[PDB]
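Just below is one structure, and these are the notes that go with it.
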Amino acid sequence: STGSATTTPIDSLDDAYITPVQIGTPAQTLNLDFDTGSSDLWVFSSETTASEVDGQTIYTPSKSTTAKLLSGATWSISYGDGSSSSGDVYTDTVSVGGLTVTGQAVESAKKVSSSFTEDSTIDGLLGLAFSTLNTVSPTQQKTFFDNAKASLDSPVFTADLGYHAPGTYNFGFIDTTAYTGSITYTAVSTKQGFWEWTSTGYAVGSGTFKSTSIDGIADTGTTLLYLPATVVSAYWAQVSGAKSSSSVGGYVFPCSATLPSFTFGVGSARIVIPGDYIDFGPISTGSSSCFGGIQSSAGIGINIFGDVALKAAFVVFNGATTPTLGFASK
């Protein structure tokens, strides 16, 4: 079997992408943020504190004939941005673009932090990192991909994110028309629970490629590209007026600038991020300064190939026994 679902930016800046997911019977459609940097499928629900819900569509397990409470299990998660959520766990039938998994753990939020409440377009998250990062306790649960894996034609899912435009998440197959050239694969370490790999280097604009190993994670749930300070400083040094701002939280540059591209290595292959993708957006409508799409990972502990990087490629998350990541230009 396979699944194919369109993913859409939540706003004009591509702050996040939402993909419709059907939960329960009759189906209840929620717009979830597909996150390869986490492993919990959690939703805003009829259990979420009323004061913490603002326009989101909620999952109502009492109206689902296939919902079962996973009694004695709870979840609690913290994300890299300081946001968090917790509640209890149900199992229910979950479908993504025609692909159905019965008995998928659906983590019902009782409490969500302000960031989630203020984001009216995101009804929850659908984690796609390794199931070892799932927070359900005591019984750790599997991700939708892990549960679907055996029924898929091939144990893979692909991310084809758009720049200021819709894209696609496919499960079980590779769409050969979605990319140019070929898909180059690279090794994955599952030790930290992420799709962790090593980039072979980088280039700034039309400069010479620098061969250097950069460990990082492929994270659809992170908006920007976070790389070592050395790399990030070499990129922003090419932009007049670019500087790090403590009030804004990173590199800003005059919105007047046309940015150079940024190339990253995948084995002996290259993925080029156009300068427009790195021109993330103005710090406000009408602002002098624009926020950089490439930022330093110095405060985080890990380099993150977030949406700014992934939207420039067709990405294959190969979930076979020895996982690998594939990147193709598009």
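Numbers here are sequence positions counted from 1.
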Is the closest side-chain donor-acceptor distance between [X] and [Y] under 3.5 Å?
X      : Y      : answer
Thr223 : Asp307 : no
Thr143 : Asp146 : no
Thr135 : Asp40  : yes
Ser76  : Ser86  : no
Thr49  : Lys111 : yes
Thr19  : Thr7   : yes
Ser115 : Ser83  : no
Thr117 : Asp54  : no
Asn318 : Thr324 : yes

Would a distance-only check, ignoring hydrogens and angles, find a side-chain to backbone donor-acceptor pair under 3.5 Å from [X] to [Y]?
X      : Y      : value
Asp123 : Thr57  : yes
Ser296 : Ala298 : yes
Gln295 : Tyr251 : yes
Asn303 : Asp215 : yes
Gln56  : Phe116 : yes
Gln141 : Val136 : no
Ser329 : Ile271 : no
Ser297 : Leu227 : yes
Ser64  : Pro61  : no
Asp14  : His164 : yes

Can you tell me how far [atom2] of [Y] sits from [atom1] of [X], rounded to the nearest 0.5 angstrom?
X      : Y      : atom1 : atom2 : result
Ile214 : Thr198 : CD1   : OG1   : 9.5 Å
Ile217 : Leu325 : CD1   : CG    : 11.0 Å
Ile273 : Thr263 : CD1   : OG1   : 8.0 Å
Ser120 : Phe44  : OG    : CZ    : 9.5 Å
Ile294 : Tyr202 : CD1   : OH    : 10.5 Å
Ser45  : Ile23  : OG    : CD1   : 10.0 Å

Find out if a path of hydrophobic residues (ILVMFWY) with successive side-chain heavy-atom gaps under 4.5 Å connects [X] to [Y].
X      : Y      : result
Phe209 : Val232 : no
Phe130 : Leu133 : yes
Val248 : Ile300 : yes
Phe173 : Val156 : no

Report the relative orientation of the aromatic rings in [X] and [Y]; use parallel for angles under 30°, tilted for 30 to 60°, perpendicular for over 60°.
X      : Y      : result
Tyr59  : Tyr90  : perpendicular
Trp197 : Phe327 : tilted
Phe314 : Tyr179 : tilted
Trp195 : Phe317 : perpendicular

Hey, does [Y] have a side-chain heavy atom less than 4.5 Å from the side chain of [X]?
X      : Y      : answer
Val43  : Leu32  : yes
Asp88  : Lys110 : yes
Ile58  : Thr48  : no
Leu126 : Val21  : yes
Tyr277 : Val272 : no
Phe194 : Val188 : no
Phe157 : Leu128 : yes
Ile122 : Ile10  : yes

Taking all heavy atoms of [X] and all of [Y], pick out the closest pair and write down the distance.
X      : Y      : result
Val308 : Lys311 : O-CG, 3.6 Å
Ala328 : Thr180 : CB-O, 4.2 Å
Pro138 : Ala73  : CD-CA, 4.5 Å
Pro282 : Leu13  : CD-CD2, 4.5 Å
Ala242 : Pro254 : N-CD, 4.2 Å
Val204 : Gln238 : CG1-CG, 3.7 Å

(request) Mark yes or no: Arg270 above the aromatic ring of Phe264, with NZ or CZ under 6.0 Å from the six-membered ring centre and no more than 45 degrees from the axis. (result)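 Ring-cation test returns no.
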(request) Decide yes or no on side-chain contact (heavy atoms from CB on, under 4.5 Å) for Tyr169 and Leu161, but give the supporting numbers first. (result) CA-CA 8 Å; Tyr169 277 106; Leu161 307 177; 3.6 Å; yes
(request) Would you check, one step at a time, whether the test side-chain contact (heavy atoms from CB on, under 4.5 Å) holds for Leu152 with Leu99? (result) CA-CA 9 Å; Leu152 293 176; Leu99 175 71; 3.6 Å; yes
(message) Would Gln104 and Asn147 count as a side chain to side chain donor-acceptor pair (under 3.5 Å) here? Give the steps.
(response) CA-CA 7 Å; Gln104 172 60 46; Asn147 280 327; 2.8 Å; yes
(message) Is it the case that atom NZ in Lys210 sees more than 12 heavy atoms from other parts of the structure closer than 6.0 Å?
(response) no
(message) I'd like to know whether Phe34 forms a side-chain contact (heavy atoms from CB on, under 4.5 Å) with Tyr17, so could you lay out the CA-CA distance, the side-chain angles of the two residues, the decisive distance to 0.1 Å, and finally the verdict.
(response) CA-CA 7 Å; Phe34 277 29; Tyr17 294 80; over 6 Å; no
(request) Might you work through the side chain to side chain donor-acceptor pair (under 3.5 Å) test for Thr168 and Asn170, ending with a clear yes or no? (result) CA-CA 6 Å; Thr168 309; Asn170 285 331; 5.4 Å; no
(request) Start with the C-alpha distance between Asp160 and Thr158, add both sets of side-chain angles, then the distance that settles side-chain contact (heavy atoms from CB on, under 4.5 Å), and finish with yes or no. (result) CA-CA 7 Å; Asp160 185 7; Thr158 68; 5.7 Å; no
(request) Run the ring-centre check on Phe280 versus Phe291 and record whether the distance is less than 6.0 Å. (result) no
